[PDB]
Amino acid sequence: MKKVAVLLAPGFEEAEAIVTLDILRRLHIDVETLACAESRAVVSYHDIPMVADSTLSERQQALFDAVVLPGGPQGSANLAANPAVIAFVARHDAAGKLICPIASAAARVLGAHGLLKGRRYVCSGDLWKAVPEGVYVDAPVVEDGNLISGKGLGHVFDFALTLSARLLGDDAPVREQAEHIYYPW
């Protein structure tokens, strides 16, 4: 049984994170929200205070099968400024685990730190212009090795369904859930 870490820094885009999480948890994939903060309390971009399942320092050693990095302007900036987040991503990336940025995160967290490593990715807006060492691809979801990036909130179901199918290695459960919620997949 697979486990996924969704990192929640101050200002995380709650919609991107919550839908992805909702989808993973419908499939009974183990998901842990991790506050990239002192405490489990973290407030999203649109002002929703939530309680993470754990903080990131409580799970610094743990090795997840995927790491989800939501966007939000301040969220992805706060992720990028946090040394523990950079280490957690870099260690998962070097272990071949799935690194899953959505919207601004691929550019602000990975790209800005030269962690894209020449890989194809998508991100939101024109943030790609300022990223020198990745291949921006304009698609809803982009998969390159263990990097799975999602373009923006409008494509979160595609992103989450792609992640899920890849984790499970079997589409059939994923399609069943997609049909349960009336999303074509």
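In case it trips you up, residue 1 is the first one in the sequence shown, and so on.
- For the pair 170-178 and 6-14, the record assigns the higher mean C-alpha temperature factor to 170-178.
- As recorded in the PDB entry, 55-63 is the stretch of 55-63 and 146-154 with the greater mean C-alpha temperature factor.
- Ranking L127, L34, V43, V68 by the C-alpha B-factor listed in the PDB entry places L127 at the top.
- The PDB entry assigns its highest CA temperature factor, among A81, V89, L115, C100, to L115.
- Per-chain ranking of the deposited C-alpha B factor places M50 in the lowest third.
- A77: CA B factor lies in the middle third for its chain, per the PDB record.
- Among all modelled residues in this chain, the alpha-carbon of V85 has a temperature factor (C-alpha) in the lowest third.
- Among all modelled residues in this chain, the alpha-carbon of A139 has a temperature factor (C-alpha) in the middle third.
- Ranked against the other modelled residues of its chain, the C-alpha B-factor of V131 as given in the entry falls in the highest third.
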